[PDB]
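For reference, the structure discussed in these notes is given below.
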Amino acid sequence: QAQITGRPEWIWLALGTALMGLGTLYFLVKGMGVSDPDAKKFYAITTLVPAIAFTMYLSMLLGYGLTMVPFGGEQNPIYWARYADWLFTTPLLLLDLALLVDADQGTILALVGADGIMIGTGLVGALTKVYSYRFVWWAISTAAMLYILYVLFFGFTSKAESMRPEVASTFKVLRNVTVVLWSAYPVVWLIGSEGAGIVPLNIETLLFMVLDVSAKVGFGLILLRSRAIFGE
Ligand SMILES: *C/C=C(C)/C=C/C=C(C)/C=C/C1=C(C)CCCC1(C)C
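Residue numbers for the sequence shown follow the authors' numbering, beginning at 1 and rising by one.
Next up, the structure:
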């Protein structure tokens, strides 16, 4: 019965793998030249996030990143490999924006640590047997998310507006893309296999695939095609 997996969403997973991989190879066979030590950081950071995502999407495709969790009434398919990805992916995405706005080490740590809680709490939620409690973890995860998005929006903007026109402009486009994409994750989770079965794992997988590739490669293509602070 149970929210069928290991087979339907294979195309989505495979397609995720393809885009992440090509996006990786792209950022690689583009960062060939790049002298500027500042620009060097952005290329490095932004190339690892596709590579992490490639590794993890492969595991889901090949089955390894799938597991079964007892909840609600049945044997529920869960892709923990998402949290393995996101654990390192989402802090690096933050580090790009931190570096771009030259944020204080204080905020950076507060940020990365908070992101740590967001994903960790998410995984605890995803694997929690007791149905009712999954939403306790979702709420906490969403609090960690909205905190991060707050400092990005109401914080990092002001600091950005004081940099260079290019930096303020570039940060803002990214800030927009980030706030929007990130805010989708708790929604698609809550309606998906992982929470209330409004929407099947099949669509849950597809939504996350589109969101993920946008938040890795789409995000990266805004950044690595602009003036990356002093550098290019
Ligand atoms: C490339 C992947 C990205 C940018 C992933 C972002 C992930 C989040 C913003 C996750 C948020 C979550 C919630 C707020 C609730 C349920 C648990 C999470 C981790 C899925």
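Even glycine gets a Cβ: it sits at the ideal position worked out from N, Cα and C.
Which same chain residues end up closer than 6 Å to residue i when comparing Cβ atoms and leaving out the 5 residues on each side of it in sequence?
i      : result
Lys172 : none
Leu174 : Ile222
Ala51  : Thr24
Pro70  : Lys129
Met20  : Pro50, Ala53, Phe54 and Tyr57
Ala228 : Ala39 and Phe42
By the 10 Å Cβ neighbour count, where 16 or more other Cβ atoms means buried, how is residue i classified, buried or exposed?
i      : result
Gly106 : exposed
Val29  : exposed
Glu74  : exposed
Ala139 : exposed
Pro37  : exposed
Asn176 : exposed
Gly113 : exposed
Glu161 : exposed
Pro165 : exposed
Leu146 : exposed
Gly63  : exposed
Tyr185 : buried
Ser132 : exposed
Under 8 Å between the Cβ atoms of residue i and residue j?
i      : j      : result
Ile148 : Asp115 : yes
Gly155 : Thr46  : no
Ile78  : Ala126 : yes
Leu58  : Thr89  : no
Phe230 : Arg82  : no
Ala14  : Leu66  : no
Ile119 : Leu87  : yes
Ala53  : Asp85  : yes
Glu232 : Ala39  : yes
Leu206 : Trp12  : yes
Tell me, which residues are paired with residue i by DSSP?
i     : result
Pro77 : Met68
Closer than 7 Å: is that where the CB of residue i sits relative to any heavy atom of ligand 3?
i      : result
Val187 : As presented, the structure is devoid of ligand 3, carrying ligand 1 as its sole ligands.
Can you list, in chain order, the residues of its chain with a C-beta nearer than 7 Å to that of residue i? Leave out the 5 residues immediately preceding and following it.
i      : result
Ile191 : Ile198 and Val199
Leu181 : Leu211, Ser214 and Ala215
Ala44  : none
By Cβ distance below 8 Å, which residues in the same chain neighbour residue i in space, the five residues on each side in sequence not counted?
i      : result
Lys159 : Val101, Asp102 and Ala103
Length at least 4, wholly inside the region 6–75: the alpha helix (DSSP H) runs in chain order:
10–28 and 37–61
Which complete alpha helix (DSSP H) runs does the region 97–144 hold, if anything under 4 residues is left out?
105–127
Tell me the start and end of each unbroken alpha helix (DSSP H) in the region 162–207 that is at least 4 residues and wholly inside, in chain order.
165–190
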